[PDB]
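First comes the structure, then the notes that go with it.
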Ligand SMILES: *CCC(=O)N(c1cncc(Cl)c1)c1cccc(-c2cccc(Cl)c2)c1
Ligand SMILES: *CCC(=O)N(c1cncc(Cl)c1)c1cccc(-c2cccc(Cl)c2)c1
């Protein structure tokens, strides 16, 4: 037992991280087969980043303007192209550590692991959720651009996130690996800001089931509620609506604990209206919304990856 | 910015995990050079685990009684020996993925990353602290024995923990990699229990500095306190004493924030006596004690590992 904010093993992604340098700008790239992926604003200088025309900026570049370092070994760039907000650097060497992979775009509410890196060198790994406002509450310093987010399914890495920027509230914005931003953000220096967020209701319910599996039961109660009447309370507390599909997804967890989904909704309702009254759930004094039903089943049942 | 519970990249340890089987017992082993390390109770059956004589049990075993699986490849055991509570299985093949490593024993209060595994297959990675009572609040299911904890310093893996067992409160006990238990626990099935814990004061202070670095300042105040007078309050709230050495270790963080250590102690005093009053610090409604001063400096400054 126990319940932790658990990341996927990072090895398969570590073998893909490289350093990309263009001018005085250095950031991280992702090396898969003979292509290196990185944020396109690598080609921008300080004054370029104000209001850039990336097509003009890139045509002015040569292959030799891009230095790629894989460890202490240099990769020769033989081609380059722009795909939306990412660069694709064609290198003469295919990465022998290329795992089986996919490029997938995730939904707000879904989680992933982030391998934070600097200068192509992995620093740490942690678990994040895509917020409803399409930001992530990451941990990123200067130089972390090009760090990627991902999930692993058996042996296949599904890349879902490339880090680009920090917004003024200290949260982070980026793209999928096709270079399409998550949310209404651009790779220019404007006054863009996050905009209002909500709590991921289905994930909170998943975590309450995690707690019951792990022995926390004080918040349970005999009452029940209708889906409609729960959603009336959810809206009042800035929680997003619960759907019949969310109820279905919570089915296995319900059946394992013997607590009907709508019964857990009644408990969440009471926790929202009364607070937690000095008690804790899975070591938290707040309702936690960054574990999915998938995450709870994986951790409380024990699936591995090879 | 941002602040996450960050683990070390796990790749270097993933390449060392193997499956060890003896009879019907299967658990994880750590393969370094030509030795596989694993919990000695791998040789125990259900009835053996009651009150075992491990020396008697082991002399009854042959090399061929130990099946080691490194992926889909079998390692031939050519020797075996007991070192305290771990087994050392001599195999005919040295692990070509052996990183530079050390076997280190950590102190309560120190943190480490755990690579949870099942059947020699890594499942997830997360960050833990050695509690003052020598347990860890892990996340472990049946089959996780032999999973290891570790830190990484540039390129060298310092192994500090091998998982052995779960205690009745759902916390976890294990050994260092020389097989010496952390705390007063044994690898037999007795009524052993955790025993009373405390909060890691210096770590809470480190995290308050993390918060100030990251823009949370509401808990600051003009007052100060003496080290003695703070420790009088710490004892009352089950916090462990703060030493002059802890104050020294907090020096860099103090100097970076401009907040004297004893001034932060005054703030912690007020937070202990008044609570948090519906506010949060770094996304937490509790005082968090599982980041060290080292951890805060690493994450808020940005050190990598190669
Ligand atoms: C781009 C690399 C990077 O990691 N940057 C960064 C990311 N997270 C946190 C911090 Cl503190 C910095 C970064 C550095 C400078 C400027 C930007 C930027 C500005 C405007 C638009 C974009 Cl897409 C990026 C990012
Ligand atoms: C030993 C492998 C293992 O992982 N075990 C376990 C660990 N963490 C959590 C759980 Cl739920 C199980 C384990 C399984 C059965 C018995 C023990 C045990 C009992 C008494 C002494 C010891 Cl050293 C181990 C451990």
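Out of all the residues in the stretch A:176-189, which are more than 8 Å from ligand 1 (Cβ to nearest atom) and assigned to a loop (DSSP other than H, G, I, E, B)?
Looking only at the stretch A:176-189, we keep the residues that are more than 8 Å from ligand 1 (Cβ to nearest atom), and these are A:176-184.
Passing the criteria: A:176, A:177, A:178, A:179, A:180, A:182, A:183, A:184.
Pairs needed: first member in the stretch A:141-152, farther than 14 Å from residue A:166 by Cβ and free of Cβ contacts under 8 Å to residues at least 60 places away in the same chain; second member anywhere, more than 6 Å from ligand 1 (Cβ to nearest atom) and assigned to a strand (DSSP E or B); C-beta distance under 7 Å; at least 6 residues apart or different chains.
A:149/A:112; A:149/A:113; A:149/A:114; A:149/A:128; A:149/A:160; A:149/A:161
When residue B:277 is evaluated against the numbered criteria (1) without any contact (Cβ under 8 Å) to a residue 12 or more places away in the chain; (2) at negative phi; (3) away from chain A (no Cβ under 11 Å); (4) assigned to a loop (DSSP other than H, G, I, E, B), which criterion, by number, is the only one it fails?
The single condition residue B:277 does not satisfy is (2).
Looking only at the stretch A:111-135, count every residue that is under 19 Å from residue A:177 (Cβ atoms) and within 11 Å of ligand 1 (Cβ to nearest atom) and tell me the total.
Counting residues in the stretch A:111-135 that are under 19 Å from residue A:177 (Cβ atoms) and within 11 Å of ligand 1 (Cβ to nearest atom) gives 2.
Among what's in the stretch A:107-122 and is within 12 Å of chain B (Cβ to nearest Cβ) and not in a strand (DSSP E or B), pick the residue that is nearest to the chain's Cα centre (by Cα).
A:120
If you scan the stretch A:69-85, which residues turn out to be surrounded by 15 or more Cβ atoms within 10 Å (Cβ to Cβ), more than 16 Å from ligand 1 (Cβ to nearest atom) and more than 14 Å from chain B (Cβ to nearest Cβ)?
If the condition is that a residue be surrounded by 15 or more Cβ atoms within 10 Å (Cβ to Cβ), more than 16 Å from ligand 1 (Cβ to nearest atom) and more than 14 Å from chain B (Cβ to nearest Cβ), then A:75, A:77, A:80 are the ones that fit.
Have a look at B:237, B:209, B:161 and point out the one that is buried (at least 19 other Cβ atoms within 10 Å of the Cβ) and touching a strand residue (DSSP E or B) at 6+ places or on another chain (Cβ under 9 Å).
Checking each option against the conditions leaves just B:161.
Which condition does residue A:192 not pass, out of (1) within 13 Å of ligand 1 (Cβ to nearest atom); (2) more than 11 Å from chain B (Cβ to nearest Cβ); (3) part of a loop (DSSP other than H, G, I, E, B); (4) buried (at least 19 other Cβ atoms within 10 Å of the Cβ), if it passes all the others?
(4)
Quick check on my filter: what residues within the stretch B:11-55 are in contact with a helix residue (DSSP H, G or I) (Cβ under 6 Å, 6 or more places away or on another chain), in contact (Cβ under 8 Å) with a residue 12 or more places away in the chain and either under 20 Å from residue B:190 (Cβ atoms) or within 14 Å of chain A (Cβ to nearest Cβ) (or both)?
If the condition is that a residue be in contact with a helix residue (DSSP H, G or I) (Cβ under 6 Å, 6 or more places away or on another chain), in contact (Cβ under 8 Å) with a residue 12 or more places away in the chain and either under 20 Å from residue B:190 (Cβ atoms) or within 14 Å of chain A (Cβ to nearest Cβ) (or both), then B:14, B:25, B:27, B:40, B:43, B:54 are the ones that fit.
Please pick out the residue among B:210, B:206, B:173 that is within 16 Å of ligand 1 (Cβ to nearest atom) and either within 15 Å of residue B:85 (Cβ to Cβ) or not in a loop (DSSP other than H, G, I, E, B) (or both).
Just one listed residue meets the conditions, B:210.
Confirm whether residue B:262 is over 30 Å from residue B:152 (Cα atoms), in contact with a helix residue (DSSP H, G or I) (Cβ under 7 Å, 6 or more places away or on another chain) and either assigned to a loop (DSSP other than H, G, I, E, B) or in contact (Cβ under 8 Å) with a residue 40 or more places away in the chain (or both). Quick ask: steps written out before the conclusion?
Numbers: over 30 Å from residue B:152 (Cα atoms): yes; in contact with a helix residue (DSSP H, G or I) (Cβ under 7 Å, 6 or more places away or on another chain): yes; either assigned to a loop (DSSP other than H, G, I, E, B) or in contact (Cβ under 8 Å) with a residue 40 or more places away in the chain (or both): no.
No.
If only one of A:146, A:138 is touching a strand residue (DSSP E or B) at 6+ places or on another chain (Cβ under 7 Å), more than 11 Å from chain B (Cβ to nearest Cβ) and near ligand 1 (Cβ under 9 Å from one of its atoms), which one is it?
Exactly one residue qualifies, and that residue is A:146.
Considering A:112, A:150, A:103, A:134, which residue is within 27 Å of residue A:202 (Cβ to Cβ) and touching a helix residue (DSSP H, G or I) at 6+ places or on another chain (Cβ under 8 Å)?
Working: A:112 fails: touching a helix residue (DSSP H, G or I) at 6+ places or on another chain (Cβ under 8 Å); A:103 fails: touching a helix residue (DSSP H, G or I) at 6+ places or on another chain (Cβ under 8 Å); A:134 fails: touching a helix residue (DSSP H, G or I) at 6+ places or on another chain (Cβ under 8 Å).
Step by step, each of A:112, A:150, A:103, A:134 is checked, and only A:150 is within 27 Å of residue A:202 (Cβ to Cβ) and touching a helix residue (DSSP H, G or I) at 6+ places or on another chain (Cβ under 8 Å).
Cβ coordinates were reconstructed from backbone atoms using ideal geometry, including for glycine residues, and neighbour counts include every protein chain displayed. None of the figures in this text is laboratory data; all of them are computed from the coordinates on show.
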